[PDB]
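> My questions will all concern the structure given below.
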């Protein structure tokens with residue numbers, strides 16, 4: 001995506017689905033035997049996703065308008081929107 | 001004759017409704033109670049799992 | 001190599017060995033402790049170091065004397081495969097449980113195998129029709145597809161599967177695999193008898209079905225690697241014999257369930273609503289070792305026991321991901337007496353479309369889905385009030401939906417005995433026609449009881465005559 | 001380079017354990033710097049594990065760290081820079097200008113673990129803030145030095161509300177304001193920066209009557225906790241050292257909670273209810289206690305709060321609900337009705353929302369408003385099943401007034417010139433009290449409902465009545 | 001219960017409401033199932049007992065929609081069913 005941005009190109013990135021990343025990080029963390037996070041997802045998922053999502057942007061005119069757009073996708077596994085992810 | 005029948009019917013209908021509502025209350029009460037217990041159990045397990053580590 | 005060891009621990013059926021020589025047999029290598037019951041096959045799952053591996057033990061671990069010698073047979077357990085396995089019921093250690101004596105096999109192959117690559121995919125679009133009305137209308141099959149049911153507590157889970165075997169496997173000339181993971185001894189006996197009776201097991205001849213059957217009494221570890229064995233037999237047909245196959249797997253909840261048990265013992269933080277933290281990966285590998293290669297195309301049926309009917313539990317949830325069509329069966333719809341017990345608002349297929357199964361099919365289905373959703377919406381209103389207390393226009397819809405609901409029960413042929421009613425199998429083309437008419441309200445002149453438990457539209461008419469008498 | 005040199009022993013995410021040499025030990029809440037080609041990583045010392053091995057939390061990213069990497073010790077609790085040259089620039093958590101308005105020309109530096117004032121220091125509130133926003137003014141008047149709290153859904157014009165508040169109140173106020181944004185979008189940040197340069201409050205050809213400390217979400221959780229603390233210390237410098245009153249603004253304090261919950265887990269603390277930190281109460285408490293009206297100044301915090309899935313029964317919102325003094329609930333439903341204010345009027349409560357203190361007339365008017373709306377809500381159920389027509393004449397007049405009042409609470413905003421385009425309207429407090437009294441009396445029941453809808457004050461309501469009329 | 005049900009053949013659910021309501025014992029027939037148990041049926045008792053499950057799931061249905069109007073045929077089923 002950054003290659004598009006660097007070029008000043010307008011592009012769009014679909015991240016489908018972040019939910020399976022969370023499962024991966026759960027597996028990973030618990031088999032690095034790091035204490036179970038909230039709802040069995042290590043508490044640094046927020047950092048993981050937040051950093052990821054802010055790397056899609058409509059950059060400055062100095063940056064040649066690198067307009068990467070993001071569309072995250074979370075598939076509600078019960079319609080439970082109060083779930084951590 | 002009509003009005004009396006109509007208003008009486010309205011009374012009758014609204015009575016039978018009250019009964020039906022009671023049954024649904026009871027059904028949702030069991031659901032509520034079970035649901036409450038399940039949430040407690042699921043929460044407890046998470047805490048325990050954390051504590052165990 | 002004679003890799004001797006001792007059994008340091010026997011914590012459940014997750015024996016730990018300490019190999020004496022410093023040589024380490026790799027993960028998924030196999031060891032035999034020659035038990036006074038024969039032998040016990042164990043499979044390396046961790047190396048915990050100091051030459052102390054930690055091994056899953058397939059069969060039971062009772063009687064073991066701590067500090068008991070082991071010898072390493074190496075590699076993944078090698079099952080016996082061949083065209084001469086057709087009509088053999090095999091344990092998991094590769095030994096015939098139908099006791100037809102030593103399995104004639106040319107090649108014996110390791111249970112472990114890797115799922116075929118993304119580049120080796122060849123992806124279906126084939127039509128396959130089951131002649132079951134609800135199935136045909138709502139979720140068409142495809143030859144290679146992976147269809148899955150999400151039934152309750154064996155609530156005719158088996159019955160549904162049996163119907164599929166009866167129709168589809170006599171319409172598929174290519175081989176077929178029945179793998180029954182952790183399913184009751186009685187069920188196995190019924191199948192063995194039934195298959196022999198319907199000659200699918202030709203005993204004089206050679207069959208065209210092969211079987212692996214794993215009883216639910218079997219210790220958890222054996223049940224876990226029942227799947228891998230079946231996948232190996234399937235691969236042999238799919239790949240190495242090329243030939244199109246079929247596959248049935250039931251109960252694949254047991255695969256998950258077994259994993260959760262061993263996971264705790266292995267020394268994992270068993271979190272994931274108690275399920276093994278490797279649940280997604282294990283399911284993934286299993287369900288991609290079921291795949292449609294450039295070679296063989298294996299129509300697969302996987303049966304999930306929704307645990308306590310909690311579909312929201314992660315284990316059913318992640319199964320939906322690794323399927324292409326699903327046919328969730330609900331206890332409620334069973335209670336309504338509808339056989340088949342398939343949910344009509346909880347089925348999906350990637351084979352349903354206006355361009356796949358045609359616009360007319362799609363249009364008919366669209367209206368049915370919408371109608372049923374309306375009826376479901378007004379289930380509340382009907383109960384709270386009355387059906388005359390909701391709109392006349394709606395009341396026609398509701399009555400139509402009540403008819404549709406009843407119409408959908410098509411008597412089962414395999415359970416024709418059990419139901420008592422003679423089974424009904426209705427053509428797909430016929431099904432579309434029948435529902436089309438009902439949507440145009442043609443037969444909304446004839447009883448709801450006529451619609452209940454009958455086959456095609458013609459049958460409804462005939463049962464109207466029966467009722468009329 | 002301090003002879004307090006420590007070597008990293010374990011990088012396990014944010015948890016970074018350091019092995020300071022024999023005898024040499026820092027202290028809890030101190031600051032370690034590790035020199036890197038990625039500036040100086042700041043580690044806040046949070047435990048001693050003894051044997052000259054401390055366990056510290058990282059602020060900056062931990063990628064590439066070499067296990068055994070030399071660690072200098074700053075020796076004291078993270079000290080930001082404060083001044084009046086902190087005004088008018090975006091200062092990141094590690095006290096570095098990220099808007100590149102050149103190096104901060106610090107007067108003093110202070111630790112960010114400054115202690116909250118004592119009981120003696122606190123000077124009892126009585127000042128009345130007025131925002132010129134009708135719902136706020138009438139139904140939950142604000143007080144200078146307050147702890148306003150924008151409980152609401154996810155950015156439900158939450159940012160928009162803050163923007164309006166800054167647009168009116170901040171500019172009106174001569175004092176400084178401190179706008180601190182914890183974990184808000186860096187897109188949104190650029191808009192805010194541009195926008196507040198536009199409102200000129202940030203004047204880059206002059207000074208600024210506001211400072212900014214924007215910490216955004218892409219920063220490790222540990223840093224996210226101390227964005228708030230960093231901003232807070234600047235406000236204390238204004239309150240104390242410059243003496244000036246301010247209006248603090250923080251966004252969003254659920255991010256402060258969320259961040260703290262996360263590093264608690266990493267710190268190994270047993271997670272409390274809904275995974276929240278056991279130290280949640282005290283962390284919130286320290287933040288709130290630090291913010292107060294003293295005999296040195298007055299600080300009016302407006303803290304955005306994101307209420308997950310609009311559940312205030314969620315412990316994190318509920319704990320904050322106690323800790324704040326001037327609550328506001330921003331309901332999605334009211335937004336959807338098209339009313340902006342999106343406030344739930346019955347659920348607005350404020351420390352100052354008295355009787356005599358808000359004025360007897362104000363009180364009575366507000367009592368009448370509350371009853372009218374409460375009745376309207378109660379009758380909504382009756383209308384739902386039985387129908388509108390089965391209500392009494394008295395009720396019908398009440399319903400008609402309530403619908404009119406409902407749309408008279410609507411007041412256009414300047415920050416809905418980017419929405420509707422319609423220029424904002426802000427009505428002074430005295431004027432609102434008078435105008436609402438009239439409505440209730442039914443002096444403006446001869447005015448159509450839609451002639452209250454999305455228009456300001458009484459003059460506007462009357463004018464829009466004329467406009468609709470012809 | 002579900003774990004047991006999957007293992008077993010049939011269920012013999014008993015309804016508490018019915019237990020109170022004079023069927024003592026009260027064999028709920030909505031939730032009493034038999035999987036393959038009908039190989040037991042002695043032929044006399046298979047013949048006479050023919051379709052009685054269907055009939056009493058017509059009594060269940062009939063009495064489902066009894067609670068208003070019923071055709072004489074349905075009423076006959078209800079009368080037979082109750083009896």
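Along the chain as shown, residues are numbered 1 onward.
Per deposition record, electron microscopy, 6.0 Å.
Backbone N, Cα and C define each Cβ position, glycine as well.
Not my notes, these are from Swiss-Prot:
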- D:74: phosphothreonine (MOD_RES)
- D:152, D:153, D:154, D:155, D:156, D:157, D:158, D:159: ATP binding site (BINDING)
- D:199: phosphothreonine (MOD_RES)
- D:335: phosphoserine (MOD_RES)
> For the recorded ATP site formed by D:152, D:153, D:154, D:155, D:156, D:157, D:158, D:159, which further same-chain residues have Cβ atoms within 8 Å of the site's Cβ center?
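Going along the sequence, the neighbours appear as D:160, D:161, D:304, D:306, D:330.
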> Under a three-state reading of DSSP, tell me whether residue D:152 (ATP binding site) is helix, strand or coil.
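Looking at the DSSP assignment, residue D:152 (ATP binding site) belongs to a strand.
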> At a 10 A cut-off on CB-CB distances, which of the binding-site residues D:154, D:156 has the highest count?
D:156
> Using a 10 Å cut-off on Cβ-Cβ distances across all protein chains shown, tell me which of the binding-site residues (D:152, D:157) has the largest neighbour count.
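Max Cβ neighbours within 10 Å, all protein chains included: D:152.
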> Taking just the CA atoms, what is the gap between residue D:155 (ATP binding site) and residue D:335 (phosphoserine) in Å?
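Checking the Cα atoms of residue D:155 (ATP binding site) and residue D:335 (phosphoserine) gives a distance of 12 Å.
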> Please state whether DSSP places residue D:159 (ATP binding site) in a helix, a strand or coil.
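In the DSSP reduction, residue D:159 (ATP binding site) maps to helix.
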> Compile a sequence-ordered list of residues in the same chain as residue D:158 (ATP binding site), six or more apart from it, whose Cβ lies below 8 A from its Cβ; state 'none' when nothing qualifies.
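In sequence order, the residues whose Cβ lies under 8 Å from that of residue D:158 (ATP binding site) (at least 6 apart) are D:150, D:152, D:251, D:252, D:304, D:306, D:330.
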> Measure from the Cα of residue D:156 (ATP binding site) to the Cα of every one of the modified residues D:74, D:199, D:335, then give the nearest.
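The answer is D:335.
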> Can you grab the distance from residue D:199 (phosphothreonine) over to residue D:159 (ATP binding site)? Cα atoms, rounded to a whole Å.
16
> Including all protein chains displayed, how many Cβ atoms other than that of residue D:159 (ATP binding site) lie within 10 Å of its Cβ?
20
> List the residues of the same chain that sit at least 6 positions away from residue D:74 (phosphothreonine) in sequence and have their Cβ under 8 Å from its Cβ, in sequence order, or write 'none'.
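Once residues fewer than 6 apart are set aside, residue D:74 (phosphothreonine) is near D:30, D:31, D:32, D:33, D:42.
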> So which binding-site residues are near residue D:335 (phosphoserine), with CA atoms within 10 Å, out of D:154, D:157, D:159?
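Hits: D:157.
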> Among all the protein chains here, how many other CB atoms are within 10 A of the CB of residue D:153 (ATP binding site)?
18
> Around the Cβ of residue D:199 (phosphothreonine), how many other Cβ atoms lie within 10 Å? Please give the count over every shown protein chain.
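A 10 Å sphere around the Cβ of residue D:199 (phosphothreonine) contains 16 other Cβ atoms.
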> DSSP three-state call for residue D:199 (phosphothreonine): helix, strand or coil?
coil
